[PDB]
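Colleague:
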Amino acid sequence: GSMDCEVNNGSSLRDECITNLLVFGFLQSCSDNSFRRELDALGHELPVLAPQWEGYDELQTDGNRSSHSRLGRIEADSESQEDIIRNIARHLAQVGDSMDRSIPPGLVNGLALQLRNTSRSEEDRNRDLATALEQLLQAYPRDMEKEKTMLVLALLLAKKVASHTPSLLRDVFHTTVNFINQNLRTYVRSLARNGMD
Numbered sequence: 001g002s003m004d005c006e007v008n009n010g011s012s013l014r015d016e017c018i019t020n021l022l023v024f025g026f027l028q029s030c031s032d033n034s035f036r037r038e039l040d041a042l043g044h045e046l047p048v049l050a051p052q053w054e055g056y057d058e059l060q061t062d063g064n065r066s067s068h069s070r071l072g073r074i075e076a077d078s079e080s081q082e083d084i085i086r087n088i089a090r091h092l093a094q095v096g097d098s099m100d101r102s103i104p105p106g107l108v109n110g111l112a113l114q115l116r117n118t119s120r121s122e123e124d125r126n127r128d129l130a131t132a133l134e135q136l137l138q139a140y141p142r143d144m145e146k147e148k149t150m151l152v153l154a155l156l157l158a159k160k161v162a163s164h165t166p167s168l169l170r171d172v173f174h175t176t177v178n179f180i181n182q183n184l185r186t187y188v189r190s191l192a193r194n195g196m197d
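Note that the sequence shown covers residues 1 to 197 in PDB author numbering.
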């Protein structure tokens, strides 16, 4: 019985390309334009190992070729998963921004002060949100799952600072994509599924 006789092949969930995507879009609308080139540089070092890249051939891939006549009439196709998760993030992330414009009593700042943490961020941040999370959650009954409330918050925290401090993007990007990948990974997939929550 069972399937453990030499044959060890079935499936493997290895599509992080989405997690990173989310944060992009998320942090993309976080402050709208006037800070694009910045994000463009982010993805310039935010790749994904993945099972492979393009070992098949060594030539080109014959892309679209020539200019790109989109006229913004191609972003409303919501056909390719990538196109969906993208439009979904910028959307939910859009609403959150409008409601964020009115940052509460000096909040983002601190988050930016906690995230900032020079190069400690990745670490200082991780233990920052993770600690700040369980902290606020420490009063909020769990039992079910912290993912949602935990991420919804912590996640928002990061993307938040980004708004106040657009010089921590990268740091923020991972903020929502890291703390999760640690264990709540499967959650981010939701970040897109719902756009925000």
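The C-beta atom is built at its ideal place from N, Cα and C for all residues, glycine as well.
1) Could you tell me whether the stretch 111 to 124 touches the stretch 57 to 64, where touching means 3 or more Cβ pairs closer than 8 Å?
2) State the DSSP-derived secondary structure class of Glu134, mapped to helix, strand or coil.
3) For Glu38, which residues of its own chain have a beta-carbon under 7 Å away from its beta-carbon, when the five flanking residues on both sides are left out?
4) In three-state DSSP terms, what is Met196?
5) Could you check whether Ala89 and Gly25 sit closer than 8 Å to each other, using their CB atoms as the reference points?
6) Contact check, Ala154 vs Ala132 under 8 Å by CB: the rounded distance?
7) Below 8 Å on the Cβ atoms is my contact criterion, and I expect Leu27 with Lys159 to pass it. Report the Cβ-Cβ distance as a whole number of Å.
8) Considering only the alpha carbon of each residue, which of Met150, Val152, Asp171 lies closest to residue 199?
9) Is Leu22 helix, strand or coil when you go by DSSP?
10) So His91 and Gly195 are in contact, right, with Cβ under 8 Å, and what is the actual spacing, rounded?
Modeller: Taking the definition as stated:
1) no
2) helix
3) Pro166, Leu169
4) coil
5) yes
6) 7 Å
7) 6 Å
8) This structure cannot speak to residue 199, because the chain is shown only from 1 to 197.
9) helix
10) 5 Å
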